[PDB]
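If you count by full-length UniProt numbering, then the sequence shown holds residues 1 to 125, one letter each, in order.
Every residue, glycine too, gets a C-beta built ideally from N, C-alpha and C.
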Amino acid sequence: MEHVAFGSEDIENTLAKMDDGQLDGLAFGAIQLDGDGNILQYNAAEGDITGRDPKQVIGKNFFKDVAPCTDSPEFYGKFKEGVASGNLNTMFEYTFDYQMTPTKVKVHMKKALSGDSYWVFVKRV
Ligand SMILES: *C(=O)/C=C\c1ccc(O)cc1
């Protein structure tokens, strides 16, 4: 397994070196979106939480297509504020409940070392 801690301070650096295969080796959910909320990477752990087959949701829009409950000032709004600012690093709990058993999760959004990419780390609480 990949030894990366959820919430680590230099995580963006650590995952920068990871391909899709290795990303599935993480101990938590990992999603990489571009500036518009489209899905670039999506590991199996995140699939374990929501029920999405990793390969099937990539290319989809997270907020419009995949996770509509996250479309609110409390999630999507924080994301759109960060992209525009060119800086994002916020952690907060949330309840995943669209087409699934309400699952309470801890969410960590942070700008990736890459140009226009943003990470969404999730773990059960
Ligand atoms: C709200 O909709 C939050 C998370 C989420 C993501 C994917 C799926 O399928 C359900 C729920």
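**Request:** Check whether the Cβ of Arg124 sits closer than 7 Å to any heavy atom of ligand 1, and report yes or no.
**Result:** no
**Item:** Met109: CB within 7 Å of a non-hydrogen atom of ligand 1
**Value:** no
**Message:** Runs of 3 residues minimum, wholly inside the stretch 72-114: which ones carry the beta strand (DSSP E) assignment?
**Reply:** 89-96 and 103-111
**Message:** Among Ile31, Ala16 and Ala67, whose alpha-carbon lies nearest the alpha-carbon of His108?
**Reply:** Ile31
**Message:** Quick check: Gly29 and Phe92, are their CB atoms within less than 8 Å of each other?
**Reply:** no
**Request:** Pick helix, strand or coil for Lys123, following the three-state DSSP scheme.
**Result:** strand
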